[PDB]
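FYI, in the deposited numbering the residues of the sequence shown are 2 to 49, 63 to 168, 185 to 228, 249 to 321, 327 to 334, 350 to 410, 415 to 511. Where is the CB? At the ideal position from N, CA and C, for every residue including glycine.
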Amino acid sequence: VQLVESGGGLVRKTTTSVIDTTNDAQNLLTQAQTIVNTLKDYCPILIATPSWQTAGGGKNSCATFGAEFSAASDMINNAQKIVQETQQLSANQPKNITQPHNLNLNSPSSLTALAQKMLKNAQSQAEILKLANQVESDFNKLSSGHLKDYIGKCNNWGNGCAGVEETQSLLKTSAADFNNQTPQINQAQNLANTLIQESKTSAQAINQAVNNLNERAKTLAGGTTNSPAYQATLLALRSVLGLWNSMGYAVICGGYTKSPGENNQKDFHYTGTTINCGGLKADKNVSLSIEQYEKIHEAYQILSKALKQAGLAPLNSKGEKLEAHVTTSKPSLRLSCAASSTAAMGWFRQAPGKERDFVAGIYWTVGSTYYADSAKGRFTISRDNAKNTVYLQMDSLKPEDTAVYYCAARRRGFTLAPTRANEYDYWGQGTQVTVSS
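What follows is the structure in structure tokens.
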């Protein structure tokens, strides 16, 4: 009987997460938040051809893009406040009353309940427009510094490619139109305050103010082109998208988690282009961790897919469902060992000049597995009982993994899983595994 180890060679395994998500504004804004809160709070160094990279290269991103990150953070938060007022605006849709008045014992109270809803409703519209203009100004803060000539124009890295100038135009245009009818909304707000004060208080006049407030609110909450609330939210989202397109390729990622030796590398796929993280520490003003880049990249792929495929749902809509693809890749290696009664097969490795050290083992019948510390969390053992083959899938390789690896078989049963070479009976003669960094 003979065990024949076969190497495999370094291969790239791509894997994709198909994420169920929606295009409603609350969902998309948290994706935008993930992106800016990561950069704004952790300020990873920029890589050492655009203007800001010559100046900013080798310093933390917040030293170059503090105003752009702050502008973007403000837009997202004001856009979150727009969506909250728009949910509030929908919860106070004041209702028409019989006309002329139908006086009940219950009137006075029931007119006061209608007057409060008219006041709150007009106050909500007043705040939404005030927030939408704030987003427009913050966009100028975002659009007038380093990215002045890059965001808003359109490998695609370096340009915003996000359509922000379209949306800035539709925001300013629709904002001016809502400004054009603030007269009619003040007509309604003072009509409510006089009514609370307790002719120009006829049912006809009340229903006129109520109908005016509902029409502006329906367009502000349910519109797209003619809604400055909708355009302001969309500009917040498209600005964060364009911000990532303009400078995101330049963020250093791959910061080490604890020890400087554990070479975690992952590539993140964009659409085609790839970014590598890893090929030193992850912390503020130096680097992003892999998990951190994982989140930005997932958030970016959702934001990108939602806007491109379905657009932003109207602020009072609940949103189409859609699938976003989040694709990453890492280098891996498969070792195999084929046999010509077994209780256990294992893998051992030997660095030149060192003792054979156990790596990973598999119970032959049940397929239960036992792993050394070196394999913990990176290596996977499996067996094909039909083909009499054991496998070692090696992920996230490091230079300390360079050794000759040997498979071994044990023929008799055991209680404690065998981890010593003398507890195995058969050995292949080894395959060399070299890894360089």
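**Q.** Of the listed residues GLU390, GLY487, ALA352, nearest to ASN74 (C-alpha basis)
**A.** Nearest option by C-alpha distance: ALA352.
Q.
What would DSSP say about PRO401, mapped onto helix, strand or coil?
A. Strand.
Q) beta strand (DSSP E) containing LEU466: first to last residue? A) Taken as a continuous stretch (DSSP letters only), the beta strand (DSSP E) holding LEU466 covers 463-469.
Q. For the alpha helix (DSSP H) that contains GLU6, what are its first and last residues?
A. Unbroken run through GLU6 is the beta strand (DSSP E), 4-7; no alpha helix (DSSP H).
Q) Short check: CB of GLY292 to CB of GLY166, under 9 Å? A) By the CB criterion at 9 Å, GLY292 and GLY166 fall inside the cutoff.
Q | In DSSP terms, what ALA477 is bridged to | A | Beta-bridge pairing links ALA477 to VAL507.
Q) Buried or exposed: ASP152, going by 16 or more other Cβ atoms within 10 Å of its Cβ? A) Buried is the call here.
Q | Contact check, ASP21 vs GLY389, beta carbons under 9 Å | A | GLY389 is positioned such that its CB atom lies no closer than 9 Å to that of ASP21.
Q.
Between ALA271, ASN185, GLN506, which has its C-alpha nearest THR328's C-alpha?
A. It is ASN185.
Q: Please work out which residues of its chain come closer than 6 Å, Cβ to Cβ, to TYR445, disregarding the five sequence neighbours upstream and downstream, and give them in chain order.
A: Contacts found: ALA434.
Q: Per DSSP, which residues does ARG423 bridge with? Please list them.
A: Answer is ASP431, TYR479.
Q.
Considering Cα atoms alone, identify which of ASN459, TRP421, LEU270 is closest to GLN101.
A. Checking every option, the nearest Cα to that of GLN101 belongs to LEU270.
Q. So, using beta-carbon positions, are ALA477 and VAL5 closer together than 9 Å?
A. For the 9 Å CB-CB criterion, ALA477 and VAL5 do not form a contact.
(Q) Can you check which of these residues, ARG484, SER415, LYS461, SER402, is closest to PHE453 by C-alpha distance? (A) Among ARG484, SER415, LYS461, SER402, the Cα nearest to that of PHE453 belongs to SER402.
Q: Sort out for me which residues DSSP pairs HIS395 with in a bridge.
A: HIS395 is bridged by DSSP to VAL19.
(Q) Measuring alpha carbon to alpha carbon, tell me which residue in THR397, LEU156, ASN147 is nearest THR78. (A) The shortest Cα separation from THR78 among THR397, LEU156, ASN147 belongs to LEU156.
Q: Kindly indicate which three-state DSSP category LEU358 falls into: helix, strand or coil?
A: Residue state for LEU358 is assigned as strand, using DSSP reduced to three classes.
(Q) Please classify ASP458 as buried or exposed, where buried requires at least 16 other C-beta atoms within 10 Å of its C-beta. (A) When all chains shown are included, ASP458 counts as exposed.
Q: Please check the pair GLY188 and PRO64, which I expect to be a contact at CB under 8 Å, by giving their CB distance rounded to whole angstroms.
A: By a beta-carbon distance limit of 8 Å, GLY188 contacts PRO64. Their separation comes to about 6 Å.
Q | DSSP three-state assignment for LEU285, whether helix, strand or coil | A | Here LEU285 carries a helix assignment [DSSP, helix/strand/coil].
Q. According to DSSP, which residues form a beta bridge with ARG457?
A. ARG457 is bridged by DSSP to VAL464.
Q. Looking at the structure shown, is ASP353 part of a helix, part of a strand, or coil, going by DSSP?
A. Strand.
Q: From the DSSP output, in three-state form, read off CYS44 for me.
A: Assigned with DSSP and collapsed to three states, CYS44 falls in coil, not helix or strand.
Q.
Mapping the DSSP letters down to three states, classify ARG266 as helix, strand or coil.
A. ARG266: helix per DSSP, three-state reduction.
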